[PDB]
Number of protein chains: 2
Amino acid sequence: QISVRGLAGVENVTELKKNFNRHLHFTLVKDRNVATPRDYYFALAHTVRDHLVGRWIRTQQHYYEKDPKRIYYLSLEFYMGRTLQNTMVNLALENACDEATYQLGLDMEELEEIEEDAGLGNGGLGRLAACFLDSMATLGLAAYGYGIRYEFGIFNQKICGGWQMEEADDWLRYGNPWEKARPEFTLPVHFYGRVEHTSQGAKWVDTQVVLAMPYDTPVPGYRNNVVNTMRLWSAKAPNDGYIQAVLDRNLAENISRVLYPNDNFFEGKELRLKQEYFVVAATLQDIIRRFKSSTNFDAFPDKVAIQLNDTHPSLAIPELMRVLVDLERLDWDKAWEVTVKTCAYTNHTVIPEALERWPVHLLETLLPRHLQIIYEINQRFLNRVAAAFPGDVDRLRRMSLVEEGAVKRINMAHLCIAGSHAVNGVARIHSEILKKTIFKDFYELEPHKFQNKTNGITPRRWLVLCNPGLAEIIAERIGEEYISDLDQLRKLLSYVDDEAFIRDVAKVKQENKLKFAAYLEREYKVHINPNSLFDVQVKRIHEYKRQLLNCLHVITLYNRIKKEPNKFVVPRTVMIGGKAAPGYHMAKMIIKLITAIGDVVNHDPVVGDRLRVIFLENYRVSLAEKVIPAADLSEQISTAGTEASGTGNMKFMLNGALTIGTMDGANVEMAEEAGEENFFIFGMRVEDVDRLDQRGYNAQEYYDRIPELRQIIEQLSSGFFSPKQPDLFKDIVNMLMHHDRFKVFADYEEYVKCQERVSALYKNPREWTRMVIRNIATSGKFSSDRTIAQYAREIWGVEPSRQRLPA
Amino acid sequence: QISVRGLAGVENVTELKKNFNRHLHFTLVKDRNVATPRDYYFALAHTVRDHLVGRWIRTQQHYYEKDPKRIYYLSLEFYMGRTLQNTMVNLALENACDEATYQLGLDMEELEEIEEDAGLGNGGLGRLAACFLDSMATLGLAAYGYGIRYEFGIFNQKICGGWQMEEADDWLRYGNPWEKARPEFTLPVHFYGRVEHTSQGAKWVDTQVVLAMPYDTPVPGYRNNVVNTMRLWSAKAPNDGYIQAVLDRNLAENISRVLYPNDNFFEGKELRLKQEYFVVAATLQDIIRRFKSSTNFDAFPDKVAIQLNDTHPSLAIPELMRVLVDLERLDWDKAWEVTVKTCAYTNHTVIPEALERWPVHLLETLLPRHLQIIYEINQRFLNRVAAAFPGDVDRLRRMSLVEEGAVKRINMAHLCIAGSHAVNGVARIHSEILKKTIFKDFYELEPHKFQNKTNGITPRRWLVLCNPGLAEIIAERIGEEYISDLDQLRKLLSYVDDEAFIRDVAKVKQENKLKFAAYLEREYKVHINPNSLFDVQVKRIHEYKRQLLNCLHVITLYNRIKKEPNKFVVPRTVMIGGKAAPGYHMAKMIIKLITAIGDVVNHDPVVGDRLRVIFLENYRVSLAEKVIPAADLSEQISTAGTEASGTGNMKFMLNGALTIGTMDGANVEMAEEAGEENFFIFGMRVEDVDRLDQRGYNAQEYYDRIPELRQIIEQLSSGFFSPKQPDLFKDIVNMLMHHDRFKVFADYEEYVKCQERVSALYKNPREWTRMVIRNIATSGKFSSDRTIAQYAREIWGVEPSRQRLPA
Ligand SMILES: O=C(NC(=O)c1cccc2ccccc12)N[C@@H]1O[C@H](CO)[C@@H](O)[C@H](O)[C@H]1O
Ligand SMILES: O=C(NC(=O)c1cccc2ccccc12)N[C@@H]1O[C@H](CO)[C@@H](O)[C@H](O)[C@H]1O
Ligand SMILES: O=c1[nH]cnc2c1ncn2[C@@H]1O[C@H](COP(=O)(O)O)[C@@H](O)[C@H]1O
Ligand SMILES: O=c1[nH]cnc2c1ncn2[C@@H]1O[C@H](COP(=O)(O)O)[C@@H](O)[C@H]1O
Ligand SMILES: *Cc1c(COP(=O)(O)O)cnc(C)c1O
Ligand SMILES: *Cc1c(COP(=O)(O)O)cnc(C)c1O
């Protein structure tokens, strides 16, 4: 049906049909008489998987032969989503499989919905790693993703009486056809023990052993026949009352059991530290083995790059030192040179409570050799600081890897800067803030280390896969080459005055909204007006992301309607979705508020279908692929200086939504690319937030001066949105009035006024769509292909290539 | 090469080769350049598995269509061993796969050794279930094996300094190609809670739910295209700090973690009770579902038979009652009629410490509704006893299901007799003892219930598979039909004076001994003389099995050699192997003694290669398949009245070894079949043991009267076999002298004299082999095909059939 979905050749369709029937019979052991939709999904998945295998084997064989520099991307999170459609897209199999399944009397779309998300991440950081894997494969890099195979990913979110409930994400229950267990490549990982000093160096002895078993998942590039590997480690007990000893094996295997869902506050939990070391120790053994098959470690940095996604895998730095010094017998200075040239570190937030600061007593017990190595790193680093800034004693305490106090801690961010040749932020404004504030001292010592790499998203998943209608109307005009060269979307500016294209763009959006409106009716008991403005804020629930500011506007619109019922207002469907960390009380209260607002607003007869507030349950990659194509307005309203980049913002821009946002993270670069006139910018800049911090933020001032704001707070306090429990939202009110770190009130007025300008433009469909075209056309910078090309050239020292392997 | 191994057709060989290469590439994701022997094993296993699938689907479809009476064999143990060779044998694929692999440059024998045993049983009871599955499939019965998929089977046994060490049997590490997970058929199982009495009957509420996930394994019949199912349940937690709750899922999943290895003493452990109910509750839901697809429960016993392997699944009786009464709303009397007609119970030991007697307080907490049902069963049963034997108050307390005392217990054996239409022992002498002693009262009340079903072994695994050389020389003379009709071996009596056959029989044995002698050298550091008499006792270590009596003879032979070094004695290799239950101190001491004897005997220069004592490490099904074909003498020396049947005894008889044994278990019937002159019978009969118990067993008497016995005990006491720890064996000596339940000394003299007659005959190779032929020729009764045919006709009410399905 759709040209970008590839050719449906008669031989290809015939072959897929027979291999589908083969797997149903031999692989699933099912007859057609009792087969269910799930069985049919698995037969299709196995059929598509077969097409990956030949390419996977020859790609990996090709790397062994040519011995290029290898890129190791270390992350505790890979937020992969579903794999079936992505695989079909990247192999040019989508139309063929669609035909083959139709001929067997099946709907492929229905089968696609059966696949569980691989939800092995929390949000943006996890999803960035996933987009990065796709781009590295598309750009022909010899890249490996390394992480943990969590048995349970991010929890499934149920909403019960307006409250978030958490449910185990048993994503492996029915099996994972995409992975291949490699028990033959199991490696030992050591914990605890003690350090022994011999005449012939230090020795780590009396350790407990946990085994790391790898599972490999293929990562196909876009139509280039490159298939890279994501290797995820699973924890296993070694084989050596009897019953109790066997049952206690669970203690070791708990390491890979569950993804930590806390994305707001650093908790120094021992199990988390074990997870971090587990991935690091197993991965580094693999890296070294693969390098030794190419032993002089001078060439190590020429053959290996290690990228640390946040400080989570920071133990890579002292682990590499441990192996080089203790096991390979290299002298300290040489090992350090190798380590620094090999490692690079990416930061994802300036928020202080997010920094990993591990208690010394924990490292002492768990990793005694690593603590000794960290101390030595610190001493040598501080000697260099002292020589560069003589007599500056305050600098020495500020830059130390060891933090003093009631409990001594290791600052893992400081460790990462010292042990890496490159440190990057994830958007221009973020990287600047790093140099000006949190890492200022480090920048003054080693300016050359600090870089920017503005984030991106893969246009395969985030356009072609989730929005085929838009991909097609674009391809009709400019061809298919933009899919792997997103800059070509600029050519669409020549169609901004084209009446046919304007109509098509608006048509694709309407079709997307109808489809999502129906989806909401089918799987939930909610009806929405598809003619209304789809106002969408989807992301993890955090105070800094200011879902609360959105909530205030919603109540403002409601109150205005109650004030002047017979006045025309642009109809809106306000959709807010996202998970809250299980221990984050305030975020759980915000979810409750959103549903409570909905309960009042959605049932007021005076409102009608002019305003609807829906909380989107269980927001995850697969839901993002559904809602983002349907959005008219993208809410990106974090307090200036708090959202390092954002990536959701980029997804909306590529999919035909306009953006209301602060000048924060990548929003700044987005507005720069599209033009400020084509963006709905509001609120304080970073500098304005700084000035307000100087004199001190007083929320009472805004409450006193803005009558519409006052009414809302009084409504919250009196129990208007909670009649049975009048004081339910007292915590929220208290926070807003007395200790709001994120200055919700300070941006309220400008936010509301900006929202009026949005409504004004939506009344003129032609001008809305023309602005939309201007956004889509300039979204090319935000391809992760661009991002990865910059990492490759400026950090890893490798050249990307669009050249196809023979298959 | 071998005719019984089937045809190697050119098309079949070509097809197997290409499917082997297909699986290596697509299934294992390996190139030939890095493939290991293990990879090659898996590719072969998947290729052979494909040939099962079509037959498996159509067999199960055939049962759905024809709706025959279904046989459900419930066991907590299925001691399956390896599956690859058995599958090839039963599908007539062995020669074809041998050719196909040879042409690819591989040795199939080497690949076969890579497969892990499925060691989901302890010994005889577990192995009986496995032989029974094979025979039921071969006889065309609609039979299902139901059990638990233990993550860890029977422990691997390491011998360290002469002591047994236990190691986890991680048999699933590399995956199990034979099983198919069926997560779609997961069923709930309830624990704890309380009983609520409503107007509309009893209700079991507030329970904890554990999920039962089935895994199906195919069971191929011998060349009849029948493939039955073994369904094994795996425990899973339902999906509903956050981290802790996820980690605590292990508590539920512990139910299927490990096989209980205690085969000597009943321990009322809660986890064991949970295992027993788990298998029962999940299985019964399956049985009922399948029956409802054929709701009047009058026909239930006409469509369902449930066989209880020991009392381990005895909870089937009150569970069936629970479902019929509480859920289906049948009146008590009707439900009871159905239950009794459906269930049958097999007993495996008369030893009192083996009886399952569950504390009432445990059942009260865990299964409160079942305890109520058990009480009601007991009351109604005791009312019947009272009516049949009025005024016999002693009978009432003896027959009660409830046992009185400091702690109240439920006798599960009494429950099984009350709730079953048939109760059987496993050999004629055993079944008689049941009627005369332990179940006398029950036999007087319901004589019709009590039956004998003499055990058997499958001649597929225990002749064709493990001893192809013997299978071939037999087939040359009488054809191939004996393999599924073992009675035909009687035709071999006409060859007892045939010089060619005598030579062939002796040749096959010599070749088997050379092969096993080499195996011992290759995988261990032990050399043996292949010309010596191979004297073998392999079985679990128990006091009743009297490995200690064997030990006394070995020391006797050693002492005689030291006394008269220059006198000729028939050279012997004495092999003893078997695992001891981890908590069984005495059995662990016996293993230590055996190795300690070896340390002295094997290193005495005066002895030479005339006597060797070897402990066979890690005895298990795969090792049994190697050692049994190599044996000359089979030691079956339990105290008369203690070994219910034995099955190892039958394996040796079929494989060309002569038997030294007591008149115990199936030994009696074996000697009856072969002729007493062709058996080495010694020792007390049951009646003699009884008489000795009357006057009281005094071991001191034998010590005083037998100088050779006295010398041995003094050697043990003084530290002759343990110079560093002189008192190491004081526990053994103390037991032998003062509290030996099994009367080791009483049989010593007759045992030693009998062993001299064995040595005498071995000096005459021609007459040895003629006696061997007389044994093999009369071993037909001991086929499990015969056993299963008797169960089918006399208990289950179904007719067996050798008729082949179309494939
Ligand atoms: O998702 C992020 N962090 C986590 O999920 C996270 C994961 C684990 C622990 C955390 C502790 C504190 C704060 C966050 C986490 N960070 C996001 O990274 C994206 C990719 O660079 C950025 O676009 C986004 O601004 C940032 O918040
Ligand atoms: O193996 C047996 N029992 C167990 O493994 C066993 C399994 C579990 C618990 C036990 C408790 C006490 C005694 C034995 C067990 N019994 C054997 O059953 C065979 C098959 O009928 C007989 O040939 C043999 O005589 C009997 O000992
Ligand atoms: O020793 C070797 N000889 C030939 N090829 C090898 C060897 N080692 C690795 N390879 C190839 O490199 C691929 C990936 O190796 P890995 O990166 O070490 O897992 C393998 O699948 C082989 O195709
Ligand atoms: O509802 C049905 N319609 C047609 N065949 C069925 C149906 N239910 C079961 N079967 C057949 O019976 C086989 C085994 O069913 P089970 O014994 O219930 O697992 C299935 O594989 C099918 O071939
Ligand atoms: C893109 C994405 C995110 C990141 O969104 P931000 O608005 O940048 O925080 C979080 N979760 C999912 C499922 C995503 O796809
Ligand atoms: C046959 C068998 C047994 C039973 O042997 P008995 O001598 O009858 O106790 C025990 N273990 C294995 C592995 C067997 O094959």
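So you know, we letter chains A, B, ... as the sequences are listed, proteins then strands, and number each from 1. Counting convention: from 1, in listed order, for ligands and their atoms alike. What you see below is based on every heavy atom in this structure, not just the backbone, and it leaves out hydrogens, waters and symmetry mates.
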Using only heavy-atom distances, determine whether the side chains of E77(A) and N309(A) contain a donor-acceptor pair under 3.5 Å. no

Table of N or O contacts for ligand 5, cutoff 3.5 Å:
from	atom 1	to	atom 2	distance (Å)
ligand 5	7 (O)	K539(A)	NZ	2.7
ligand 5	8 (O)	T647(A)	N	2.8
ligand 5	8 (O)	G648(A)	N	3.0
ligand 5	9 (O)	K545(A)	NZ	3.1
ligand 5	15 (O)	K651(A)	NZ	2.4

Give me the nearest non-hydrogen protein atom to atom 25 (O) of ligand 2 as residue plus atom name, then the distance to 0.1 Å. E643(B) OE2, 2.8 Å

If I apply the N/O under 3.5 Å rule, does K545(B) come out as touching ligand 2? no

Heavy atom of the protein closest to atom 26 (C) of ligand 2 (residue, atom name, distance): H348(B) O, 3.5 Å

Could you report the tightest heavy-atom contact between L633(B) and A657(B), atom names first, then the distance? N-CB, 4.2 Å

Backbone N or O of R428(B) within a donor-acceptor pair of the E669(B) side chain at under 3.5 Å? yes

Proximity to ligand 2 by part of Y544(B), non-hydrogen separation under 4.0 Å: side chain

Knowing that exactly one of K539(B), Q537(B), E643(B) qualifies, which makes a side-chain hydrogen bond (donor to acceptor under 3.5 Å, both in side chains) with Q636(B)? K539(B)

Distance-minimising heavy-atom pair for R741(B) and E353(B): NH1-OE2, 2.9 Å

What protein heavy atom lies closest to atom 9 (C) of ligand 2? Include the residue and the distance to one decimal. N262(B) O, 3.5 Å

Not counting sequence neighbours, which residues clear ring pair (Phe, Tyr, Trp, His ring centres under 6.0 Å) with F132(A)? List them please. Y73(A), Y791(A)

Residue and atom name of the nearest protein heavy atom (relative to atom 20 (C) of ligand 2), distance in Å to one decimal: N455(B) OD1, 3.3 Å

Numbering the atoms of ligand 2 from 1, which are under 4.0 Å from a heavy atom of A644(B)? 25 (O)

Atoms in ligand 2 with a heavy atom of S645(B) nearer than 4.0 Å: 23 (O), 25 (O)

Does NZ or CZ of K579(A) come closer than 6.0 Å to the centre of the six-membered ring of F155(A), within 45° of the ring's axis? yes

For atom 16 (N) of ligand 2, find the nearest protein heavy atom and state the residue, atom name and distance (0.1 Å precision). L125(B) CB, 3.9 Å

Mind checking whether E353(B) contacts ligand 2 via backbone (N, CA, C, O), side chain (CB onward), both or neither, at a 4.0 Å heavy-atom cut-off? neither

Checking the side chain of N618(A) only, and the main-chain atoms of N156(A) only, is there a donor and an acceptor separated by less than 3.5 Å? no

Applying ring pair (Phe, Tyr, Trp, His ring centres under 6.0 Å), name anything that partners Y260(B), two or more places apart in sequence or on another chain. none

What's the shortest heavy-atom distance between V426(B) and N452(B), and which atoms? C-ND2, 4.0 Å

How far is atom 23 (O) of ligand 2 from the closest protein heavy atom, and which atom is that? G646(B) N, 2.9 Å

Check for me whether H312(B) has a heavy atom closer than 4.0 Å to any atom of ligand 2. yes

The criterion is ring pair (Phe, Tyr, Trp, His ring centres under 6.0 Å); which residues satisfy it with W462(A), sequence neighbours excluded? none

Tell me the nearest of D263(B), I154(B), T642(B) to atom 11 (C) of ligand 2, using heavy-atom distances. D263(B)

So which heavy atom in the protein is nearest atom 7 (C) of ligand 2, and how far is it from that ligand atom? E77(B) OE2, 3.3 Å

Which heavy atom of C466(B) sits nearest to which heavy atom of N655(B), and what is that distance? SG-OD1, 4.0 Å

Taking every non-hydrogen atom, the tightest pair across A666(B) and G646(B): CB-O, 4.3 Å

Ligand 2 atoms nearer than 4.0 angstrom to some heavy atom of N122(B) are 5 (O)

